[PDB]
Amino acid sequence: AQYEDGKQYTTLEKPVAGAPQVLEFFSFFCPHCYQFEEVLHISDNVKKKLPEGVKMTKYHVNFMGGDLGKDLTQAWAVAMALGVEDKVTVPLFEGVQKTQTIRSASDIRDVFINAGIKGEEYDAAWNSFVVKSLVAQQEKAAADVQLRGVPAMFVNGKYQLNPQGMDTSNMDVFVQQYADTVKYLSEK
């Protein structure tokens, strides 16, 4: 066929019941994730092609960057709770990988302040049990698919995108193939 298991995607031996429809994992420490977000705009191009009624979820992971990696997973929970993902994703990626000015939890916090989230409001969210369960959710989703690498995208808890099996000569063409593959799997 045009789409073949083991070619643009793999099937999970171990399907995950009740999983989010489109589930993406990343790390602010992850160099392809930086490409995916700032250069390729994967999440965005997938969404433009997803059918109606299909919600998109993105989670941070702990297994890169040690202590700071876990802080970032908690910060991403804060970002999700406050609905400010679209204001911190770029400065977090750049603070970690470009300027390397994010070295501590305080430096992460500065990014939110500079993005206009009030200190009071960030610290309250950071310390909230609504953020602790959102951290729990991120960890459980990753654990459910035995996640050992990022970037990663899973559809309907049973298919995993396989970007190595796509051409990267043209960045534009790679992105649409990726997005079209998610749509295909979505409709499966």
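All residue numbers refer to positions in the sequence shown, first residue = 1.
As listed in the deposited structure, the average C-alpha B-factor of 21 to 29 and of 160 to 168 is greater for 160 to 168.
Looking at 51 to 59 and 31 to 39 together, the entry lists the larger mean B-factor for 51 to 59, computed on C-alpha atoms. Among the modelled residues of the chain, residue 70 sits in the lowest third by CA temperature factor in this PDB entry.
Sort the chain's modelled residues by C-alpha temperature factor and residue 139 lands in the lowest third, per the entry. In the PDB entry, a CA B factor belonging to the highest third of its chain's modelled residues is recorded for residue 12.
In this PDB entry, residue 87 carries a Cα temperature factor that places it within the middle third of its chain's modelled residues. Residue 103: CA B factor in the middle third of modelled residues in this chain (values from the PDB entry).
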